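Just one chain follows, in the form deposited in one PDB entry, and it is written as structure tokens.
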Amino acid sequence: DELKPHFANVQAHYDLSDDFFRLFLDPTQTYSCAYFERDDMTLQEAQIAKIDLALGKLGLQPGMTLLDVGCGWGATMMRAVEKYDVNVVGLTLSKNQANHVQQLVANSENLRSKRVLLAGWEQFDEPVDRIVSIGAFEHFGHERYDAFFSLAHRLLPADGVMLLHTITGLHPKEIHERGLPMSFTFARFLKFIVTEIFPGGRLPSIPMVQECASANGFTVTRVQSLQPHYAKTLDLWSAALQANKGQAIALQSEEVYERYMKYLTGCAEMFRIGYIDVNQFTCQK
């Protein structure tokens, strides 16, 4: 109400078709950087490793209520429930993800409380014990960053903790100063992504996040980069989508197929050269 969630911008991507995303994401449908804890893990094992890495920093205890901001297709929520025995609330602006997670909730045999809402954090006003947000922060926009942290710090308990996992990047007009190549290919890359893949998307800077967090009552006790892991994650995603080209075009179109391949491979290369990063910020209240 005070802040209208950007449903259209987010749904433009995530509500394309579950069957389409199923063509390149691992079984859990985790759509974020995996963690190859061991160099020989499969994409699936690596995604669970990333979920445990994030959830393991929140000091979870049975009965707690965990808030997942930008729950995607629900893998993180359901593992928090099954593995850590905490109640959960997931927020998403995607209709298909909400509907999908609602089915996981309907068929769950676990006794804990699980809720999924087709709503943004902008509309969530319930006290929670801990918060986890992986890959959603990039959709908030520069004009919501402060509002987001203020809300998170408010809803959390006295000794609350939020694990914010988000992509971060260097400004093109800075990579050029240090004498690094392809500063133009990078700027052009970012434009393509924000206009054809993630409308309204914004690339956060580590200093930016650090600033908004501290300025809102949080103490970032740790920053962990998984940069190299994303290049790998993206290469596995593009490898899968390519072998599924036929199903991709059939379910969608050659236009969508070609566009997503450019997106996936392009991102992988930008992580490979290190112009974009991904970090988990442990935010202590």
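Numbers follow the displayed sequence, beginning with 1. Heads up, when I say rigid core I mean the largest set of C-alphas that superpose within 1.5 Å between the two forms.
Just so it is clear, the following notes concern the form deposited in another entry, a form of the same protein that is not shown.
Superposing the core, which one of 210, 123, 108, 113 shows a C-alpha shift reaching 2 Å or more between this form and the one not shown? Per the superposition, the moving residue is 108.
Has the Cα of residue 157 moved 2 Å or more between this form and the one not shown, judged after a core fit? No, its C-alpha moves less than 2 Å.
Once the core is aligned, please say if the CA of residue 196 is shifted by at least 2 angstroms between this form and the one not shown. Yes, its C-alpha moves 2 Å or more.
So with the core overlaid, does the Cα of residue 223 end up 2 Å or more away between this form and the one not shown? Comparing forms between this form and the one not shown, the residue 223 CA shifts below 2 Å.
Closer or farther in that other deposited form: C-alpha pair residue 228, residue 199 (3 angstroms or more): Compared with the shown chain, residue 228-residue 199 is closer in that other deposited form.
Do the C-alpha atoms of residue 204 and residue 143 sit closer or farther apart in that other deposited form than they do here, given a shift of 3 Å or more? They are closer; the C-alpha distance drops by 3 Å or more in that other deposited form.
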